[PDB]
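Take a look at the structure set out below.
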Amino acid sequence: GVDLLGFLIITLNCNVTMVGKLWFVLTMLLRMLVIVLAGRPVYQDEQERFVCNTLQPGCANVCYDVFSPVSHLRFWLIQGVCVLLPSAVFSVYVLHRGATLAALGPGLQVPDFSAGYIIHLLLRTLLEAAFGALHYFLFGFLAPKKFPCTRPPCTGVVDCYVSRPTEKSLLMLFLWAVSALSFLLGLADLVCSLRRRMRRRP
Amino acid sequence: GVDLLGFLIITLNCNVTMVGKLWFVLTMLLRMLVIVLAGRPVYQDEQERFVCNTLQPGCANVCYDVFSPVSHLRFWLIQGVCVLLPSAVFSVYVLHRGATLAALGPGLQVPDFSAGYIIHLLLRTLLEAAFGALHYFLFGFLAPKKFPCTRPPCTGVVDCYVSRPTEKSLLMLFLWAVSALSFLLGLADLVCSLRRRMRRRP
Amino acid sequence: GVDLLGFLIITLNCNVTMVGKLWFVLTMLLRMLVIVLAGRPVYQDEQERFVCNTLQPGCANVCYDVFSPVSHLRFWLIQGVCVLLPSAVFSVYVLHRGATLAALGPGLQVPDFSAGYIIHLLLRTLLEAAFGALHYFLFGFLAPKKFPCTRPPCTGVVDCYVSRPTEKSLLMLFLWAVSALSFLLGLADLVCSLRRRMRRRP
Amino acid sequence: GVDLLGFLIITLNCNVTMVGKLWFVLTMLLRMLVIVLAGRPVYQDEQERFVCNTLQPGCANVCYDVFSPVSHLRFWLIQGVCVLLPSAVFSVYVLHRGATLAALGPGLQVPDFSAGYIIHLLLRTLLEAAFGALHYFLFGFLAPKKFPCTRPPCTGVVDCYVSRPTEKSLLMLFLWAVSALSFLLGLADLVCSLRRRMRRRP
Amino acid sequence: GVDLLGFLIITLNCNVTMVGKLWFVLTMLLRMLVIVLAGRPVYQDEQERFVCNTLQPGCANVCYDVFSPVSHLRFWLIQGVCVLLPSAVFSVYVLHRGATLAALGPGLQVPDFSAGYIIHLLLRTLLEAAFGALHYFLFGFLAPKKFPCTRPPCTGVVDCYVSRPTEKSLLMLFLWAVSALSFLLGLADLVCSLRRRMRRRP
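Residue numbers (the entry's author numbering), protein chains in the order written: chain D, 3 to 108, 133 to 228; chain E, 3 to 108, 133 to 228; chain C, 3 to 108, 133 to 228; chain B, 3 to 108, 133 to 228; chain A, 3 to 108, 133 to 228.
Okay, here's the thing in structure tokens:
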């Protein structure tokens with residue numbers, strides 16, 4: 003005996019575990035906020051102050067283009083969005099299936139969206155290992171200090187100096203630690219919400 | 003027997019299909035977020051580091067002005083806004099026609139806004155083909171690496187070097203793939219929500 | 003027989019026409035979003051790359067200061083805010099007069139805020155003609171391509187080159203078209219919501 | 003006979019006058035939006051283009067540091083936040099005292139938070155005169171056009187040119203007018219909500 | 003006898019004291035807003051205008067990298083996020099335990139989340155002393171005005187000039203004062219919400 007803004011929050015809370023909620027808080031307060039606020043200013047002058055020891059115009063542009071085919075700030079952003087996509091698709095599905103069932107009508135009788143949670147957890151877990159492997163195989167662990175350049179529109183070999191590599195290496199380690207910690211939180215929910223299912227099935 | 007914050011969400015959910023909701027999520031989490039967050043920093047120094055091999059002041063300004071009459075970041079933003087406009091006009095219309103009917107008053135009796143959905147889908151689908159054609163005929167597929175300039179306030183032919191073309195070409199391909207995938211989602215909803223209409227009409 | 007979050011949306015929806023709602027959508031999705039997102043990056047380097055053919059320090063600063071006493075981005079922002087102010091004052095007034103009347107108490135009995143709509147429409151319409159006239163008399167229709175400078179801390183006449191004038195001229199024409207189209211929407215509501223009033227008064 | 007999302011808006015609306023609501027709208031739509039959106043771009047290159055007629059490195063840095071100990075954009079932001087703080091503390095107090103009283107329980135019986143309004147108005151009014159006096163005694167009314175510098179790491183007296191002083195002086199006058207107009211709105215509410223109190227006390 | 007959007011706000015308000023609410027307002031209106039809005043522009047050109055008295059390319063990059071291993075803006079942001087994390091975890095826990103208990107069902135009967143408040147307060151208080159100690163031992167109290175550099179890719183000892191140190195020193199003192207004031211607010215809530223607990227236990 004509740005209103006429509008009643009049994010529309012219980013039907014979404016009772017189908018998600020506390021571990022998932024705290025994972026959501028951790029993944030949106032320590033990952034999607036640090037990247038936007040403290041990641042953009044750091045990588046604002048990666049090309050402006052990429053000083054190369056040369057004088058022929060155009061050597062610096064190609065040298066920088068060869069040095070970094072794609073900066074890892076965009077890699078972090080893409081990985082963060084692709085991790086959060088399944089957590090939104092499932093929420094939309096739950097809302098659609100919960101707000102349409104009350105229209106027909108008949133101490134609560136909330137639906138049971140449990141079979142749609144394990145698949146979501148599996149997809150989210152699988153989407154992180156591939157991204158971690160790509161991160162390791164593309165960017166390594168720490169940024170380099172100087173780069174040698176040989177692609178000639180210019181004459182010779184030009185050694186260029188990277189800008190503020192220590193802070194970049196610190197931020198990379200921080201994000202690595204955050205992702206590693208968040209992987210275990212999502213792995214512990216799949217092994218706990220699946221052993222709690224076969225128990226309640228005589 | 004529901005309140006006003008009751009039969010004001012069902013009357014908006016029952017008139018939109020799950021395909022449309024997931025298209026909305028995809029078009030606002032992978033298109034309107036990537037452009038704002040990762041598109042602005044990339045195109046921040048397109049003119050600052052457009053190095054030209056010349057010394058007469060003023061050759062660089064006109065050469066850049068001839069090179070790019072309009073950058074494609076603004077094109078992407080305009081296309082994204084113009085695609086989402088019909089999806090907001092219909093929502094406003096539904097809210098206006100749903101919150102006014104309950105004022106008069108008489133196991134639910136929700137209205138049927140189905141004839142106003144096919145027209146919206148047709149307009150949204152038609153608004154994307156023209157923009158795709160314009161994108162292909164204006165910007166091509168990949169960015170160039172060097173530009174020749176002849177418009178003289180300066181003396182001769184000046185070859186200028188574009189800044190970070192590889193990352194720009196990667197982002198353009200990503201956005202092309204996203205738009206191509208989103209077109210089929212909007213096309214499959216029109217062919218499914220129209221065959222499901224003539225069935226329920228004896 | 004509704005709650006307080008009941009007859010507090012009808013009392014605000016029944017007093018505003020569909021034309022006004024779609025005008026609100028149009029002038030907040032195509033005017034206040036384009037200016038913020040695509041207007042700031044364009045006018046970010048108007049002074050940084052205002053190249054002048056001189057060598058005496060300080061000629062460029064005064065030449066730019068004489069060239070543009072006030073950029074038109076701030077003009078657009080001020081006009082946009084001053085247009086939207088009346089649409090918020092009336093909403094605040096309606097909420098204040100609707101949430102205080104239900105406290106006393108006595133198939134609905136919603137209030138009639140119609141006399142307070144024509145005055146709002148008249149003020150909003152009058153606030154746009156003056157701004158349009160100021161825009162035409164201050165900035166013209168197209169940006170110039172080069173500027174002559176004579177105010178001497180420097181020696182002679184210095185011709186400076188403006189940065190990316192074609193894109194600026196395209197954006198300003200787009201904004202002109204948007205404002206011109208929005209003026210007629212606000213003019214057609216005053217002539218329709220006033221002829222529909224004298225009819226219902228025997 | 004209302005819900006909790008019922009007698010939680012009347013208990014906040016009935017304790018605030020229309021003058022206060024319109025002052026809030028004016029102070030958050032014409033003061034906290036202009037500063038953020040149009041104040042940040044103007045003061046973005048105050049140091050980048052502070053051209054000084056010298057050649058010894060380091061003279062420009064100290065000359066700029068002596069010229070502007072603190073820019074007035076931060077002064078405006080601090081004043082704006084410190085003005086709005088009392089208007090939020092009182093709202094939090096009202097919510098806390100209104101949501102806890104309905105738990106115990108017993133044509134409405136709304137509480138009377140009037141003695142807590144005059145003190146808030148007095149504090150808000152007193153917090154603006156001091157800031158106005160500080161603004162006048164620190165920044166004056168109009169920005170200067172050129173600055174003489176004598177603090178030597180360099181040799182001699184160096185005259186530097188300020189960047190775009192006319193637009194800065196226009197924005198300063200606009201903000202001065204806005205603050206002066208807003209002071210009277212807060213002064214007229216204290217003299218009206220206090221004469222309307224002794225009347226209703228036989 | 004309330005709805006679900008009823009006994010879901012009382013169960014969260016009655017478990018938090020007014021001191022905590024005003025601390026939240028203070029630590030989100032004077033700490034998380036000043037840093038984002040007035041902290042980013044100040045530290046935007048810390049490396050761009052770090053002038054060094056040398057001519058060999060690459061000396062400036064390493065000199066700046068040695069001078070500031072990590073800027074204190076990121077330190078402030080990390081400390082602010084880590085302070086607010088416990089205040090969000092507890093809120094999520096309260097919502098989860100309050101929205102699930104009403105599903106089963108049985133002048134109010136709100137739960138008592140008091141034992142879960144002292145632990146949260148203790149963790150939040152302990153998380154600030156360590157950060158304050160780190161701030162003192164890493165950045166001191168005032169920024170320096172000039173830096174000597176000896177790490178050679180360059181020849182000799184190079185004295186570089188910091189950019190706008192006075193404003194940085196003023197902002198750092200302001201943030202120090204804000205943090206010091208906020209520490210006592212969180213300390214006085216633990217000593218008051220613990221003496222008020224043993225009283226109500228015969």
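For each residue, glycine too, the CB sits at the ideal point set by N, CA and C.
Residues of its chain near residue i, where Cβ-Cβ distance is below 6 Å and the 5 sequence neighbours each way are ignored
{"i": "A169/E", "result": "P191, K194, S195"}
{"i": "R177/C", "result": "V64, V68"}
{"i": "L216/B", "result": "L147"}
{"i": "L197/C", "result": "none"}
{"i": "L149/E", "result": "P88"}
{"i": "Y66/B", "result": "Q49, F52"}
{"i": "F167/A", "result": "none"}
Cβ-Cβ distance between residue i and residue j below 8 Å
{"i": "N55/E", "j": "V184/E", "result": "yes"}
{"i": "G41/B", "j": "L75/B", "result": "yes"}
{"i": "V136/E", "j": "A105/D", "result": "yes"}
{"i": "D47/E", "j": "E48/D", "result": "no"}
{"i": "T102/C", "j": "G212/C", "result": "no"}
{"i": "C186/A", "j": "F165/A", "result": "no"}
{"i": "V21/C", "j": "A214/C", "result": "yes"}
{"i": "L28/A", "j": "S208/A", "result": "yes"}
{"i": "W25/D", "j": "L201/D", "result": "no"}
{"i": "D5/D", "j": "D138/E", "result": "no"}
{"i": "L134/D", "j": "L7/A", "result": "no"}
{"i": "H161/E", "j": "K23/C", "result": "no"}
Own chain, CB closer than 8 Å to residue i, minus 5 neighbours either side, in chain order
{"i": "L153/C", "result": "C84, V85, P88"}
{"i": "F92/E", "result": "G142, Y143, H146"}
{"i": "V18/A", "result": "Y143"}
{"i": "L32/A", "result": "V204"}
{"i": "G60/C", "result": "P179, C180"}
{"i": "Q58/E", "result": "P179, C180, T181"}
{"i": "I37/D", "result": "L75, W78, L79, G82, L201"}
Beta bridge counterpart(s) of residue i as assigned by DSSP
{"i": "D185/D", "result": "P174/D"}
{"i": "residue 242/E", "result": "Because chain E here runs from 3 to 228, residue 242/E falls outside it and cannot be looked at."}
Chain B residues whose Cβ lies nearer than 8 Å to that of residue i
{"i": "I12/A", "result": "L6, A101, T102, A104, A105"}
{"i": "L35/A", "result": "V83"}
Interface residues of chain D facing residue i [CB-CB closer than 7 Å]
{"i": "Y143/E", "result": "Under the 7 Å cutoff, chain D gives no residues; its nearest Cβ is about 16 Å from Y143/E."}
{"i": "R150/A", "result": "Ordered by position in chain D, no residue passes the 7 Å Cβ test against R150/A, which lies about 15 Å from the chain."}
8 Å Cβ cut-off: residues of chain C touching residue i
{"i": "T192/B", "result": "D67, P71, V72"}
Contact set between residue i and chain E, taken where Cβ atoms lie within less than 8 Å
{"i": "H98/D", "result": "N15, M20, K23"}
{"i": "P43/C", "result": "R42, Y45, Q46, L75"}
Neighbour list for residue i in chain C, Cβ cutoff strictly below 9 Å
{"i": "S189/B", "result": "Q49, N63, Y66, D67"}
Beta-carbon proximity list for residue i, same chain, < 7 Å, skipping 5 on both sides
{"i": "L10/A", "result": "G100, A101"}
{"i": "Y45/A", "result": "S73, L75"}
Beta-carbon neighbours of residue i, restricted to chain A and to distances below 9 Å
{"i": "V204/D", "result": "Residues of chain A passing the Cβ test: none, with the nearest at roughly 11 Å."}
Within chain A, the residues that residue i reaches when beta carbons sit closer than 7 Å
{"i": "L196/D", "result": "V72"}
Contact list for residue i against chain A, beta-carbon separation under 8 Å
{"i": "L39/D", "result": "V38, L79"}
{"i": "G133/D", "result": "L106, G107"}
{"i": "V136/D", "result": "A105"}
Beta-carbon neighbours of residue i, restricted to chain C and to distances below 7 Å
{"i": "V27/B", "result": "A90, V91, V94"}
{"i": "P59/E", "result": "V53, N55"}
Interface flag, residue i vs chain H, CB-CB below 8 Å
{"i": "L164/A", "result": "This model lacks chain H altogether; the protein chains it does include are D, E, C, B and A."}
Amino acids of chain B, ordered along the chain, whose beta-carbon sits closer than 7 Å to that of residue i
{"i": "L87/C", "result": "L31"}
Of all the alpha helix (DSSP H) runs that stay within the bounds of the stretch 9-64 of chain A, which reach a length of 4 or more residues? Taken in chain order, the whole alpha helix (DSSP H) runs of length 4 or more contained in the stretch 9-64 of chain A are 12-15, 20-31.
If you scan the stretch 184-227 of chain B from start to end, which runs of the beta strand (DSSP E) of 3 or more residues do you find wholly inside it? Runs found: 184-187.
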